[PDB]
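Just so it is clear, the values below take in all heavy atoms, side chains as well, and ignore hydrogens, waters and symmetry mates. Nothing fancy with the numbering, it's 1 onward along the sequence.
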Amino acid sequence: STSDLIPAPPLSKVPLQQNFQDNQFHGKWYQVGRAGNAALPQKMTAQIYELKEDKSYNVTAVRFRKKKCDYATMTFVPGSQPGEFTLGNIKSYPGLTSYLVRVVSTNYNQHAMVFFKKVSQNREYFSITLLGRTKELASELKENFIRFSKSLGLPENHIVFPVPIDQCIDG
């Protein structure tokens, strides 16, 4: 019925990891950081990336909800340039007309920063996630995650750091 979101930033303000290596990005990643213009404590979730033969990703989200492990699998389709992706079978997602994925930065074996933008029910949402190969990351990376977010118009109260857990995501 109604909603008010912080304008999505122009893509030019969103870097792209150069010479992106899709194979090395495969595997599990913990969501240590999450920022978004989305609606206003969160337990940590994980995202497993698997490179299919056709080089598109099978991404599985895993979270601990209501005492159970809830799984969700999406399909990331290589976009206009390496490190960028689009959502597969988008028509199976009610009211979703656009979905963009752009790997901002990553050393592949420790951390990554991913930028997400989508159009759902005509409302434009965007978000940045700080992923770590481990549930914990150096403060310096978190600080850089925080600065990046803010540089995109997002206030601190829109930047949360999920609390690490053991259930479902392995501990």
Side-chain angles (χ1 to χ4, degrees), residues 1-17 20 22-23 25-66 68-106 111-132 145 148-155 157-162 168-169:
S1 293
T2 304
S3 59
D4 64 305
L5 310 165
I6 295 187
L11 258 33
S12 72
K13 287 187 166 187
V14 180
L16 181 77
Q17 172 56 60
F20 177 85
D22 59 350
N23 57 315
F25 196 79
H26 110 277
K28 179 207 288 179
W29 289 98
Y30 293 105
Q31 211 200 264
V32 315
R34 182 179 167 195
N37 70 341
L40 339 160
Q42 282 176 45
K43 293 171 188 168
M44 185 174 283
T45 72
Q47 253 165 49
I48 298 62
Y49 287 65
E50 287 207 339
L51 238 198
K52 304 182 181 182
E53 283 165 42
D54 63 20
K55 300 311 177 194
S56 72
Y57 289 107
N58 228 324
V59 181
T60 298
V62 48
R63 61 167 178 169
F64 181 42
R65 179 180 208 175
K66 292 169 179 184
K68 286 192 165 188
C69 300
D70 183 352
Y71 301 80
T73 300
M74 301 201 236
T75 294
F76 285 1
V77 178
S80 63
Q81 61 196 320
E84 199 171 295
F85 306 79
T86 183
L87 195 61
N89 188 32
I90 190 174
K91 282 217 166 176
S92 74
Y93 296 73
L96 180 62
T97 50
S98 60
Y99 192 95
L100 178 61
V101 174
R102 167 126 95 204
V103 183
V104 173
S105 64
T106 187
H111 61 267
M113 271 198 87
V114 191
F115 170 86
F116 298 89
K117 193 171 73 59
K118 61 169 184 182
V119 181
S120 176
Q121 287 176 16
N122 301 309
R123 315 190 170 172
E124 199 173 32
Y125 300 95
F126 76 97
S127 62
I128 319 81
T129 59
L130 166 65
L131 308 178
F145 164 59
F148 183 59
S149 300
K150 283 179 174 180
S151 88
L152 296 195
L154 295 174
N157 87 315
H158 268 264
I159 309 173
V160 310
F161 292 83
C168 304
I169 60 180

- prompt: side chain to side chain contact (heavy atoms under 4.5 Å, CB included) with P10: which residues, sequence neighbours excluded?
  reply: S12, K13
statement: Residues at least two apart in sequence or cross-chain that pass side-chain hydrogen bond (donor to acceptor under 3.5 Å, both in side chains) with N122, listed by chain then number, are none
task: Please answer whether the main-chain N or O of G36 pairs with a side-chain N or O of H158 as donor and acceptor at a distance below 3.5 Å.
output: yes
statement: Hits for side-chain hydrogen bond (donor to acceptor under 3.5 Å, both in side chains) against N157, two or more places apart or cross-chain, chain-then-number order -> none
field: For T73, all residues meeting side-chain hydrogen bond (donor to acceptor under 3.5 Å, both in side chains), sequence neighbours excluded
entry: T60
Residues forming a ring-ring contact (aromatic ring centres under 6.0 Å, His included) with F25, sequence neighbours excluded: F20, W29, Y49
Side-chain atoms of residues 37-45: list all donor-acceptor pairs with protein atoms under 3.5 Å, sequence neighbours left out, distances to 0.1 Å.
{"residue": "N37", "atom": "OD1", "partner": "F126", "partner atom": "N", "Å": "3.1"}
{"residue": "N37", "atom": "ND2", "partner": "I6", "partner atom": "O", "Å": "3.0"}
{"residue": "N37", "atom": "ND2", "partner": "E124", "partner atom": "O", "Å": "3.0"}

- request: State the OG-CG distance between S56 and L51, to the nearest 0.5 angstrom.
  value: 8.0 Å
Qualifying residues under salt bridge (charged side-chain N to carboxylate O under 4.0 Å, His left out), relative to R63, sequence neighbours excluded: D70
task: Could you pull out the closest heavy-atom pair between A8 and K117, with the gap in Å?
output: CB-CD, 3.9 Å
task: With sequence neighbours excluded, tell me which residues meet salt bridge (charged side-chain N to carboxylate O under 4.0 Å, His left out) with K28.
output: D170
- request: Sequence neighbours left out, what passes side-chain hydrogen bond (donor to acceptor under 3.5 Å, both in side chains) with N58? Give chain and number order.
  value: none
field: Flag, side chain of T106 to backbone of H111, donor-acceptor distance under 3.5 Å
entry: yes
message: Surrounding NZ of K91 (heavy atoms of other residues, nucleotides or ligands, distance under 6.0 Å), is the total greater than 12?
response: no
field: Taking every non-hydrogen atom, the tightest pair across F115 and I128
entry: CD1-CG1, 4.3 Å
task: Using a cut-off of 6.0 Å, state whether more than 12 heavy atoms not belonging to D4 lie near its atom CG.
output: no
Closest approach of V62 to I48 (non-hydrogen atoms, all atoms of both residues): CG1-CD1, 3.9 Å
task: Determine the minimum heavy-atom distance between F145 and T129, stating which atoms define it.
output: CE1-C, 4.1 Å
Side-chain donor/acceptor pairs under 3.5 Å, residues 80-88, sequence neighbours excluded:
{"residue": "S80", "atom": "OG", "partner": "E84", "partner atom": "OE2", "Å": "3.0"}
{"residue": "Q81", "atom": "NE2", "partner": "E84", "partner atom": "OE1", "Å": "3.1"}
{"residue": "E84", "atom": "OE1", "partner": "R102", "partner atom": "NH1", "Å": "2.6"}

- prompt: Can you name the closest pair of heavy atoms from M113 and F148 and give their distance?
  reply: CE-CD2, 3.1 Å
field: Non-hydrogen atoms of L131 and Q31 that approach each other most closely
entry: CD2-CA, 3.9 Å
field: Check: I169 main-chain N/O paired with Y30 side-chain donor or acceptor under 3.5 Å
entry: yes
task: Check the pair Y99 / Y93 against side-chain contact (heavy atoms from CB on, under 4.5 Å), numbers first and verdict last.
output: CA-CA 11 Å; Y99 192 95; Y93 296 73; over 6 Å; no
query: For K150, what residues pass the salt bridge (charged side-chain N to carboxylate O under 4.0 Å, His left out) criterion, not counting sequence neighbours?
result: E156
Salt bridge (charged side-chain N to carboxylate O under 4.0 Å, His left out) involving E50 - partner list, sequence neighbours excluded: none
